[PDB]
Structures are given as structure tokens and as C-alpha cells.
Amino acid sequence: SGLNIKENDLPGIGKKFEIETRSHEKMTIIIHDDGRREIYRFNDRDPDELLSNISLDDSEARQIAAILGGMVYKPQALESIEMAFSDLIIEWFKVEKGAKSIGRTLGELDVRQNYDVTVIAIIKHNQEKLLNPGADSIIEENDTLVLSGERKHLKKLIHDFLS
């Protein structure tokens, strides 16, 4: 996966965070017990070469975090559901005991056609990651469904086949 972050506990000192971004840029963060934050910027091709170091206290680290975390200025046009589609909701629902969908596939239910709920991915009982479920995907008990739709439409599907 992306954004590798290694966390080591330095005994008597604090926590060390070795970070490598998606842009293959190195960066190390130290968090001392007293709350001090230390940041190290290393070369992209040479981990030995230190390009920058900075020491901050807890209060200072927060004021920078609040800026970097979009809490002082929220990025307007984010490409997330919460930012773009206000009324869109994703729910991770498990097929309960007395359900009426246990057995039949998605092409045999027409959920997107009937409930306006689109299934994105499925975690079945044997933890087999199902990337993009199709019309010929069987639905067993204890399977986890990653759904997409409106609050009203999701509850309708839950009330019927899911729960």
C-alpha cells in the first residue's frame, strides 16, 4: 500500500516515526516524552544526508498540525465523498442471521435497479477480498458488504434483505 510509516519506541526517549510518502520522500518524526517534536528531512536518494532538522514543543507542533491538517484552512475542492457528495453514505454491513438475501446473487436481486444501492466490495466469511462484485456474485451469511447510497435507500435495503 501507499504512505509507509514505521513506528519504533525508543526506550526512555519516546516514539520514532520513519515516514516515506507516495512521492518517495523520506522524513523522520520524533516524539519525546516531554512532548517535544523533532522533524528530520533526508535526501530522496540518500538517507544519510540530512537536509533539515527542526525542534518544536507540544503547543508549537499542534499549531502546525492544525494548519497541515486542514483545520485552520479546509481545502475547498477535495475529492472525497464527504466534501463533494453531501448526501452520499457508505456503510459496511454484515448479512445477519434471518436475512432474505442469503443465497441469491446481485443479478438475481437488481439492488442498484430496485434500491439505488451500489455494492463496491465484499468481505466474505473466509476473508476473501472481493474487488468489484458482479451480477454473478453469491451472497452468503456473515459476508460484509461495502454499500453506497442514500440514508433512506440504505435503510430500505437493510430493512428488507440485509437484516
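In case it trips you up, residue 1 is the first one in the sequence shown, and so on.
In this entry, 43-51 shows the higher mean Cα temperature factor of the pair 29-37 and 43-51. Here 136-144 and 8-16 are compared by their mean Cα B-factor, and 136-144 comes out higher. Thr118: CA B factor lies in the middle third for its chain, per the PDB record.
For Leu68, the recorded CA temperature factor ranks within the lowest third of the chain's modelled residues. Per the deposited record, the Cα B-factor of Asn126 falls in the middle third when ranked against the other modelled residues of its chain. When the CA B factors of the chain's modelled residues are split into thirds, the value for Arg112 lands in the highest one. In the PDB entry, a CA B factor belonging to the lowest third of its chain's modelled residues is recorded for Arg62.
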